[PDB]
Amino acid sequence: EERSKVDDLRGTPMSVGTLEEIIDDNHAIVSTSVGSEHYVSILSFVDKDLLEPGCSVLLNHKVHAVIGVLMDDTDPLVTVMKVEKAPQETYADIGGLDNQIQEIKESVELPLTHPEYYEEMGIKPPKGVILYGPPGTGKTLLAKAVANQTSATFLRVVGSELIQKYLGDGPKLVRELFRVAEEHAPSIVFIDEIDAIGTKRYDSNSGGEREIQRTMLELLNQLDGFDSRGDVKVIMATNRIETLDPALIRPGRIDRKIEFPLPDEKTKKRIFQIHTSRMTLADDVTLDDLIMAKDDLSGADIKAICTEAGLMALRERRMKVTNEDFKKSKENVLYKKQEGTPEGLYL
Amino acid sequence: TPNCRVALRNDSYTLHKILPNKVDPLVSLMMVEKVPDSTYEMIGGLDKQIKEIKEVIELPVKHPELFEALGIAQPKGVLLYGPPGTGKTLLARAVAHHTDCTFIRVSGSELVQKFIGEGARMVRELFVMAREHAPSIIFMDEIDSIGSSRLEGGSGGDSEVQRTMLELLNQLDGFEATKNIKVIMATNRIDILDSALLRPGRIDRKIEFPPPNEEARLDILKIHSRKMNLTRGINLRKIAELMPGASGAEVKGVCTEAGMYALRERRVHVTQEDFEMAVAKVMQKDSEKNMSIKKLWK
Amino acid sequence: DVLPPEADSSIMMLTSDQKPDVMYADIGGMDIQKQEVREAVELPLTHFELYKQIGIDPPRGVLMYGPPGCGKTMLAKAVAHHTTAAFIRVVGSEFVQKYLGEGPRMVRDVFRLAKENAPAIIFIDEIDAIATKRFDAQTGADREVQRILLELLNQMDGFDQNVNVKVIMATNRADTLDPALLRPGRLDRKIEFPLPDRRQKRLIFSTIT
Amino acid sequence: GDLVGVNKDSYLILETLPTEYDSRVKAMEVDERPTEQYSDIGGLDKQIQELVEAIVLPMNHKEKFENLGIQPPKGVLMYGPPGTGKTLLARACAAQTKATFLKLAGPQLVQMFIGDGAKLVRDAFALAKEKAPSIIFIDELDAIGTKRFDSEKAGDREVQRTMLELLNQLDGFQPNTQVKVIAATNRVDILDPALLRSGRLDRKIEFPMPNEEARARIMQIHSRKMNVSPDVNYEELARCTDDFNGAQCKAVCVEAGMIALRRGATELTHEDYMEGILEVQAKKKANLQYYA
Amino acid sequence: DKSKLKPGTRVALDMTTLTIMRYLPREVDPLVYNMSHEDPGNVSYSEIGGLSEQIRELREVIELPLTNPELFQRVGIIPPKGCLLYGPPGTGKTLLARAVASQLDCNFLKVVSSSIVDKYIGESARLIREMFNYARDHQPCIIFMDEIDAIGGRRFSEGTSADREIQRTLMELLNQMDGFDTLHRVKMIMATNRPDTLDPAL
Amino acid sequence: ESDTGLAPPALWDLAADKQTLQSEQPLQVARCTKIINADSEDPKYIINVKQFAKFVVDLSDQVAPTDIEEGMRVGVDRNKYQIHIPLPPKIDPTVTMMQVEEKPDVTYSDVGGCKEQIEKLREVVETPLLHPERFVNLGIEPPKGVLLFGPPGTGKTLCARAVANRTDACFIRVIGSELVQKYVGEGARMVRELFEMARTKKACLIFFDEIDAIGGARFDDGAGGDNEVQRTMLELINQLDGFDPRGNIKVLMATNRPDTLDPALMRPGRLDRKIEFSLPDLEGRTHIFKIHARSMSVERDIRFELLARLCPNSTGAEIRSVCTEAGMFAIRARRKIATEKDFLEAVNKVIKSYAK
Ligand SMILES: Nc1ncnc2c1ncn2[C@@H]1O[C@H](COP(=O)(O)OP(=O)(O)OP(=O)(O)O)[C@@H](O)[C@H]1O
Ligand SMILES: Nc1ncnc2c1ncn2[C@@H]1O[C@H](COP(=O)(O)OP(=O)(O)OP(=O)(O)O)[C@@H](O)[C@H]1O
Ligand SMILES: Nc1ncnc2c1ncn2[C@@H]1O[C@H](COP(=O)(O)OP(=O)(O)OP(=O)(O)O)[C@@H](O)[C@H]1O
Ligand SMILES: Nc1ncnc2c1ncn2[C@@H]1O[C@H](COP(=O)(O)OP(=O)(O)O)[C@@H](O)[C@H]1O
Ligand SMILES: Nc1ncnc2c1ncn2[C@@H]1O[C@H](COP(=O)(O)OP(=O)(O)O)[C@@H](O)[C@H]1O
Ligand SMILES: [Mg+2]
Ligand SMILES: [Mg+2]
Ligand SMILES: [Mg+2]
């Protein structure tokens, strides 16, 4: 009876509002979908505990009073980016980059699993770890290799699921992500491709760049609020470094600058084996001649060979892949970037 | 129901009726509805590129069990580039003619409508219509305009077509790997546009278009001279041999100038000499034939 | 009610209204170029069975260029005086507007006006403002002019292939523009207007005096 | 271009009272300073008299000119060594003779976007025309003063039109005799041949270097507000001060008082100034081991 | 008089009936309102001297079509367009136009040629088109433009797009002066200070 | 499910009877807007919505025309458009966090080597607050306002900390990026509020840090649409002078760029004394090495003069970065102390990578 009276006390065409701020005096400020902001009153059955600046409520047409709080799948944008399942092969997938493995193991696993080296002496663990170098030098493969061998949760951010146009959704998901990093295990914040948001620190007069500079400043603020973080590890990765934010390269925030130099033909032979593993590799093919001839090719190129080797088998209606397919895939696919070398001059 | 429309009252805001005919505004550019515009044989020469397109569109659709039996997926990104355009439009219409399939044509400037969000809204409303009819091919045109390079914010950049471009990368890959939908991308000069979608994770096929050869120039010349009136004692091969690496587009230009010279004599007959003056007129290059620029460098 | 179509976008130019007062033979000196434009613009409108019998298919448009003071507009007005088809005057810097998107839309707006009307004739005066070749458009304004070139490029040879319409251009220097505009199929007449030499000065001296 | 008060329903012009401008132009309206005497500047009294014979009598006694039939000029330039008499002289002239001062900086005319200085200069003079007793003061004019000649990228647009809009505001098609213009530079060589002569300026008031007695005259005034012992030789001060302006001589006078403040001495000696002089240039290297 | 309702005129609709009450000639876009209302000098060719060979020659080309067209119908000539003032700064160039705008001022516009561009990239050529339409409508007008060098320049190659707008601004000024529209009763006094870097098409 | 704030019925059952009904018809709906300017002796307030229009309205007869200034939110009537109740722009959660009045854990011996600048800071801060008579007995004004400038990482904060623990009374650190707000005219009210509440108590020290944001940088040359850096800067130079003689609250600034220097601030009354910070010659560096190594387990048989010789041009931030790096080399192997070669490789890692 009483539930039906209050459900019929408000108006029926309830309008979807937007909270902006809260004053604790039975009224608040809200925002319509057209951006018109209305100094309206709030009721008392509205369950004043979940009211947060940035949520949505229900409004009236007559007085636009706050009818009730609105759910929004509670956060659709921090539960998608969280990894639940297992990544790729742990340590045997990569090869030749074992110089940098001691860096990332002692900076991540050693503050967590054995936090006694830091207590015998009194040396604090590092927070920021930067991965830069050539474009596609094996930064994605390395980040999944470290995240497999873990005992804590892991976070995977694309970098383009951070910038919206709602003027508050930028700095909102920073607190949404770090709360998930706080409520769960001391996870690894992996926000990939931070170069599109953080560069050169420019301020303009339009309403296009203002959603970037605040969110850049609020993330730098929320990373180093210096109140209680609970040993959050942050891995940041871009390709380039020279058009990036200089005040994150300075000490006090990040003291690890890990570079990934170019590999050799030694690391290739596993990558040829790994890519030619989940296929019908016939026993009449040769891969070692394909390694010896070509002297510049990456993991994307070998995978582009393996798909072209897979396509040529399906054209003439076969199941396995013959050796001439691998030869013709080596001579068709790999002829796109071979340009520029000083041969016959150097010794 | 997904993307369902309703009839809504205007005063009480109550439902009136479920609407049929799912959301697709501005389908005048789409659903071309007329198949006969060009036949198949009127291209000639470039016969390898036809078999690459027939087996990347009709072969995954008509015979999907060939590709679903190996263990790899099907390609869905096709890039086409030719810097003078040695057949880009004519090749697509003959595919659109001889397919028996629904076709979608998308011009590359119609997403910037007036103001913010609106051109970004019609992206998701477009491909659901191509998902509504699973036999459908989407054809882009001059993607040089739509997406060049991710610049900075509002200072020295647009930062508005970035909002629409970011959807197109995400609408085909990232939420659900779509099926039975093949896009065709046709623009030349591949340095202006972004290379982010040019990775093999998105585009599996990059078919170039070379300038035609001597037999290829000869066969296009026989197509355009087929509807014309010819006099005996003429050699079409030498006309192709007087074209040092032509474009194929100027095969029309020879056949226009030859018939126009026969027009001003009120004569339906044409000699080889009329074609020889037609080729030499179009061959206006800034080559500086002093026999001293190409001749100090033997 | 349902309106008659094109209750809509901008100016119906003249077609009889303020049409330029020049005769065809008022031109002094131009004989080949005076005949060449007529043979690809006016003569297609009058004598049509001659083209379909031979299989000529007269060109879609004409590019005119050369130094200033040779006669571009005055020759075009003699075409605009003696045509019976629809003329269309277009300033080349008419689509430069601030409002983003409307630039490429106005090119779309003019061509739908040409398709509903007569076998029309489109004249755009300056092309060097809009047709320059492309690069990494590192500003906002360079991306503005660049995409309107391509909407112009699409609605001249696409799948529809707009019939019976002619696009007349008359630049100042036709090398600082896009090479896919100079390909034959849209502009088949690369007509130069050079400076008048001897045997033509006495023709121009006659027509003035 | 008026901001009238219109009814929301009947659309009737009810009240007008606009009085609105750009925020940058209203930021430039700088008035109501503490006063300053002409006796504060020593040694440049001829240039002071050439200013009193330039600006105040067109303002005070207009009937002094209209009976002779001559027309007063409206452009006066301060140039010479920086830091001597350029901004400080017109600060005191606006202090005593109140005539609604209006400064104008050089690099503030140079904005990022194209076509901003021609907006800003012309809005600065529409405000100057409506305020009839107002004057115009322009400082660091050499920062926008090029020669119009070297068409070099990319200063042919951001400096040139801001110059040439300003040049059109001096004489123009229409006269402007209501407001007076005072310019202050450091470089005469870099200025446009239109940014000089009569109509615009012509009143090249050069500033020489302050001499020994002039430097002795500047230091006495700045030391008058503090406690100075009467046993101070101005011959020694005029001798030891070499190639100083009044700004540096003021900086010596501050440092001589602070050293006496450290030891708690309520007086000054010549050694207090000899310490204050050597403190300015941050006394440094004795030798270079090249010069025996 | 519905024949006066040309397709492209301006009218005033009712607030409630929405039908046409009164038609209006044209907007006059108040940026150029100030470019008409000003007094030159109330001069009478007596504040000028030592230039009478050039004064009269300029008065010949301008004052005759706006007063005496019978001398141009008797001889098979088209009445001419405007002239140009070039030379070193100081000898006239503004007082000379100030002289001719005091004698027979039917309509007059003084363009500064530096308040005609701004931040907006398509504003410059829009302002010129609406300027001459005001000049075209009020038939016997005279146009003065100081400092053509500000928007002049030789039309050159790749030029860092801030200068590309000035070229597109200049190409608009070319076709409005001598283009498709027959400019009648409108004459244009251009004035510069360096006549070297202007367009040969101009 | 459609929850809509269920609130299980024990806390709102009395509230849902008629208190909702008295919130419907008497309690009207207002809108928050912006004030452009005002007029004298007659209100005539010009107010925009920025989405609708600009309106010339008046306050209603419930409030007084005393608090209503330029740039303030108001309660606009839905029909008559009158100001009912003025709204403050969310005051004031940026003062209690600043004036913490908390003891800092910085030893006075943590600034060594640059002793000449400590006494210069000792005379400006400590002396006119505890012995102001010497300034009275002679006839020089008490100095107020000293700008700090120099290379970054020199110890700008530590010198600003060495005066903080000295008197332990009302230490306020203003972050320069904090006053950079979104709302127009947001920080300029705070500089009024931070000044008036610092004068309620005596012997208060306010420090301005990173004045490259708001402390007169580029005064107005890049912001052509925003105009907030100018409106705060013009407000603070106005409220600094006009009052406060003889010393009640000392104000200090520090920058990194020696370019953002106003001559109007160098008018006597705002900024008088120049105190800059410089690099250590030999011993101020070794003062840093000895402090940044007692906190970790090191070898008691090593020296720190050799490390400062290997650092020709370095700051204490860089020296701290070596001590963190050299600590990790002992953590690579199973070493529980810091040997010399860990420092030697760290110096070759930091300096001989990108510096020289
Ligand atoms: N192989 C060919 N067969 C038939 N016609 C051809 C061929 N190659 C070129 N052409 C002619 O060239 C002209 C241009 O062809 P198409 O429209 O496909 O290229 P395009 O994409 O417009 O060129 P661009 O990329 O320069 O815009 C057409 O008129 C066509 O008739
Ligand atoms: N051959 C000619 N016969 C008659 N009049 C001519 C001739 N050539 C030029 N003129 C005159 O010269 C003037 C300039 O010609 P026009 O207006 O056509 O210039 P344009 O060729 O359009 O290009 P531009 O304006 O760059 O020179 C015309 O008004 C015309 O009267
Ligand atoms: N030839 C002249 N005869 C009489 N007076 C002149 C002459 N030239 C200049 N003047 C005087 O110069 C003033 C007008 O300046 P003027 O218009 O000549 O400058 P300007 O040449 O337009 O400068 P700029 O060329 O730099 O724009 C008037 O006060 C007038 O007395
Ligand atoms: N003759 C003088 N008398 C008094 N003060 C002087 C004198 N010369 C220079 N000064 C001081 O030098 C400072 C700089 O002068 P200023 O007008 O700023 O020159 P500029 O504008 O070229 O730098 C002034 O503030 C003034 O206090
Ligand atoms: N005398 C000193 N003793 C110890 N450490 C010092 C000394 N001087 C400077 N430092 C170091 O220099 C650093 C200065 O950091 P910071 O306050 O960021 O400088 P700034 O404020 O100039 O940017 C401090 O972290 C401190 O470790
Ligand atoms: Mg094409
Ligand atoms: Mg012309
Ligand atoms: Mg002049």
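Per-chain numbering applies: from 1 upward along each written sequence, possibly unlike the entry's numbering, with residues missing coordinates excluded. The lettering of chains begins at A and the numbering of ligands begins at 1, in the order of writing. The full assembly is larger than what is shown, and all values describe the shown chains rather than the whole. Based on all heavy atoms of the structure, the side-chain values leave hydrogens and waters out of the count. Residues with missing side-chain atoms are left out of burial classes, side-chain pairs and their counts.

For this entry, the PDB record names cryo-EM as the structure determination method and reports a resolution of 3.5 Å.

(A) Representation of a nonpolar patch on the surface. Taken together, the side chains of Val-4, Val-6, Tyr-11 and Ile-13 of chain D together with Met-15 of chain E define a hydrophobic patch exposed on the protein surface, amounting to about 520 Å² of accessible area. Looking at the secondary structure, you find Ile-13 of chain D in strand β2 (residues 13-15). The residues that make up patches have over 30% relative accessible area and no salt bridge, and they are joined within 9 Å when like-charged or within 5 Å when they are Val, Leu, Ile, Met, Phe, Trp or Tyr. Per-residue and other accessible areas follow the Shrake-Rupley method at a 1.4 Å probe size, with only the shown protein chains counted as cover for residues. Think of a salt bridge as a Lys or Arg side-chain nitrogen and an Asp or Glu carboxyl oxygen that are within 4 Å of each other. Strands here mean DSSP runs of E at least two residues long; helices mean DSSP runs of H or I at least four residues long; both are numbered from the N terminus.

(B) Structural context of the site of ligand 4. Residues and elements named next belong to chain D. Neighbouring residues are identified by heavy atoms, a residue being near a molecule or strand if any of them is within 4 Å of it. Surveying the vicinity of ligand 4 reveals 13 residues, the closest of which are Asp-40, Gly-83, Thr-84, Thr-87 and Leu-88. Identification of polar contacts relies on pairs of N or O atoms within 3.5 Å, with a donor-acceptor requirement for protein atoms, meaning one able to donate a hydrogen and the other able to accept it, and with residues adjacent in sequence counted only if both atoms are side-chain atoms. At 3.0 Å from a nitrogen atom of ligand 4 is found a main-chain nitrogen or oxygen belonging to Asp-40. One of the backbone N or O atoms of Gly-83 is found 2.9 Å from an oxygen atom in ligand 4. Isolated, ligand 4 exposes 550 Å² of accessible area, and the fraction of that covered by the protein chains is 80%. In this classification, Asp, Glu, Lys and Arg are treated as charged, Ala, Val, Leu, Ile, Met, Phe, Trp, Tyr, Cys and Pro as nonpolar, and every other residue, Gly included, as polar. Residue composition of the shell around ligand 4, grouped by class: 5 nonpolar, 6 polar and 2 charged.

(C) Local environment of the interface of chain C and chain B. By definition, residues are in contact when any of their heavy atoms lie within 4.5 Å. The interface is formed by 37 residues belonging to chain C together with 45 residues belonging to chain B. Of the roughly 3,600 Å² buried between chain C and chain B on both sides combined, carbon and sulfur atoms contribute 54%. Here the quantity called buried area is the total loss of accessible area, with a 1.4 Å probe, experienced by two parts when brought into contact, counted for both. On the chain C side of the contact with chain B, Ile-54, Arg-143 and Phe-159 of chain C bury the most area, a combined 22% of that side's loss. At the boundary of chain C and chain B, one finds 5 salt bridges. For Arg-134 of chain C, the salt bridge is made with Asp-144 of chain B, and the minimal N-O distance between the two is 2.8 Å. On the surface where chain C and chain B come into contact, there are 9 residue pairs in polar contact. At the level of secondary structure, the elements contributing two or more residues to the side of chain C that touches chain B comprise α1 (32-40), α3 (49-54), α5 (102-116) and α6 (141-154) of chain C.

(D) The site of ligand 3, seen in detail. Inspection of the region around ligand 3 gives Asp-171 and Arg-197 of chain D together with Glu-47, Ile-48, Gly-49, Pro-89, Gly-90, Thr-91, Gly-92, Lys-93, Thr-94 and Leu-95 of chain E as its neighbouring residues. Interatomic distance of 2.7 Å between a side-chain N/O atom of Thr-94 of chain E and an oxygen atom of ligand 3. Computed on the free molecule, ligand 3 has an accessible area of 610 Å², of which 65% lies beneath the protein chains in the complex. Per-class residue counts for the shell around ligand 3 are 3 nonpolar, 5 polar and 4 charged.

(E) The arrangement of the interface of chain A and chain F in detail. Counting from both sides, the interface comprises 48 residues of chain A and, opposite them, 43 residues of chain F. Of all elements in the fold, only β2 (18-23), β4 (38-41), α2 (101-112), α3 (117-121), α6 (210-223) and β11 (254-259) of chain A reach the threshold of two or more residues within the side of chain A that touches chain F. At least two DSSP bridges between two strands are needed for those strands to be called paired. Here β4 of chain A runs beside strand β1 (residues 30-31) of chain F; their pairing, made up of 2 bridges, is antiparallel. Bridge pairing links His-38 of chain A to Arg-31 of chain F in β1 of chain F.

(F) Quick peek at the sheet that holds strand β4 (residues 54-57) of chain F. Residues and elements named next belong to chain F. The strand order across the open sheet built from 3 strands is β2-β3-β4, with neighbouring strands paired in antiparallel fashion. Of all the strands in the sheet, the pair left with one neighbour each is β2 (34-37) and β4. Strand after strand, the sheet turns through a mean of 35° between neighbouring axes, direction not considered. Note that strand β3 (residues 45-48) and β4 share 4 bridges and pair antiparallel. The partner of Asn-48 across the bridge, within β4, is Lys-54. Throughout, an axis means a line fitted to C-alpha atoms (over the contacting stretch in the case of helices), and angles, computed between N-to-C directions, take values from 0 to 180 degrees.

(G) The arrangement of unusual backbone geometry in detail. In the segment running from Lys-153 of chain D into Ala-154 of chain D, the intervening peptide bond is cis, with an omega of 0°. Looking at where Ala-154 of chain D falls in the secondary structure, it is placed in the loop between β4 (135-139) and α6 (155-158). Following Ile-91 of chain F, the chain continues to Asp-92 of chain F via a peptide bond in cis, the omega torsion being -5°. Secondary-structure assignment places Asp-92 of chain F in the loop between β6 (83-87) and α1 (115-130). The backbone of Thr-19 of chain D sits at a positive phi, close to 45°, despite the residue not being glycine. Position of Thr-19 of chain D among the secondary structure elements: in the loop between β2 and α1 (23-27). A simple rule labels every residue: compare its accessible area, found with a 1.4 Å probe on the protein chains alone, to the largest value its type can have, and call it buried under 20%, exposed over 50%, or partly exposed in between. Here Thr-19 of chain D falls in the exposed class, since its relative accessible area comes to 64%.

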